[PDB]
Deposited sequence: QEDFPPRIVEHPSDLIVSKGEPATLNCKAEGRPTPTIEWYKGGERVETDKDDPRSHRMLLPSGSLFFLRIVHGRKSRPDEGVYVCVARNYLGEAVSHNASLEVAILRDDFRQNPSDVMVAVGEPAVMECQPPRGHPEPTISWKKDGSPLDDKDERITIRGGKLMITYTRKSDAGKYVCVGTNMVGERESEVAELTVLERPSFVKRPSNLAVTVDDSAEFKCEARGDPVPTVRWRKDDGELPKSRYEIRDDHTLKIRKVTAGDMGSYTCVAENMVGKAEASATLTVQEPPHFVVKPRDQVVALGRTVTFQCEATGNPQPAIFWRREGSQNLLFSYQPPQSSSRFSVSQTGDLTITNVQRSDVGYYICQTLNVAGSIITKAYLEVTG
């Protein structure tokens, strides 16, 4: 067929190429005679090996341009740019579509590094990140203690450049890093430790104690929490007894040679940086009984009613009971008879008879002590 002008069949395609690696910008054209190919970087002639065999750019018989390496530095940049191939034969000129030849880049320092988080168990946890500068744009991923982290958990959600934990479990604690990845490689960010702190609480709390005079007293107290909580005893109404207290290694409070006045309430206090827990117990000093009111010997006329007063005060409130001098039968606060004992301790004999004559013993007792006193009854006409 009679000679024809050039017609570009294949055009050069845009290309992003890794730091120092060969590149190929394809360009095929038809025409008779075979059209000579020339490359132009923004209109300027590209000096190839088919111009000077010292240039790192090679023009192929297939009309394609091969780059043996990519030149990108702080002083020179002759490979990066916009290219067009031109097919020229006996009569005619063909110009192709343009193509880009950009160097792939990925910097070191991050646009935003993940920061540490100190939360309580259950509180949500968020982590912010932005990858280091890079073209094409780097893709964000996360790692927990070397191993890669997944969105798989219902709570864990990775969106854009954020990490969200809806509720924290102790198991989420650890060292976290943000990974930026494009074609150049990977960049692992700065370590952002996440700590799951527990508020203070009591494993074993104090028990209310009743202890008599001169005996020692013990109040047990064990606490938990992360970080390990400091444990310190209080005295709600004053201070601890100088030279009479001792805080053991187990955290238990001991008051030696107890004397009334110690009688009150003591508090165990557990405290850490995330919270504070308190627990109370009372100490009961037990004083032996003493007679407020003692019965007095009295004469009652036949058939009338007599009351013998007996009132006592001790710690705890001491119980009271009567008994006739020779008898075994003990009289308490209610079968019924003419004899009765009031709640406060008084004995009342109703419709008296000559048989009722004699001493009536009053007896008070509590865990600490016991006291006795009597009074005579004289039945007359």
Unmodelled ranges, which are counted on the deposited sequence from position 1 and given in order: 335 to 338
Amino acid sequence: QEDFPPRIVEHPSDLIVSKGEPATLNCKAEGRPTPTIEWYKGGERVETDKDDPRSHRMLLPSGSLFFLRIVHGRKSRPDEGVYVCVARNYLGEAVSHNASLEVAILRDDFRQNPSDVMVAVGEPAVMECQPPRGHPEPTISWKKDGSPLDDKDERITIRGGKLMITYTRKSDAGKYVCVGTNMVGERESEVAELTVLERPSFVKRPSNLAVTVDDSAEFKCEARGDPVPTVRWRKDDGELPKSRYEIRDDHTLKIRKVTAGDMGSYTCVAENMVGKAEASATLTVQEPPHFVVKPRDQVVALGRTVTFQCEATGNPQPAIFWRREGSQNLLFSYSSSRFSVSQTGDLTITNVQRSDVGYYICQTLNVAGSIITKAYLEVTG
From here on, numbers count along this sequence of modelled residues.
Comparing 297 to 305 with 77 to 85, the higher average Cα temperature factor in the PDB entry belongs to 77 to 85
Mean CA B-factor: is it higher for 180 to 188 or for 226 to 234? 180 to 188
By the entry's C-alpha temperature factors, tell me which of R323, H56, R354, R338 sits highest. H56
Pull the Cα B-factor of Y90 out of the PDB entry and bin it into the chain's lowest, middle or highest third. highest
Of the three thirds of its chain by CA temperature factor, lowest, middle or highest, which one includes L330? lowest
Compared with the other modelled residues in the chain, in which third is the CA B-factor of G345? lowest
Relative C-alpha B-factor of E239, binned into the chain's lowest, middle or highest third: middle
Among the modelled residues of its chain, does the C-alpha B-factor of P136 lie in the lowest, middle or highest third? highest
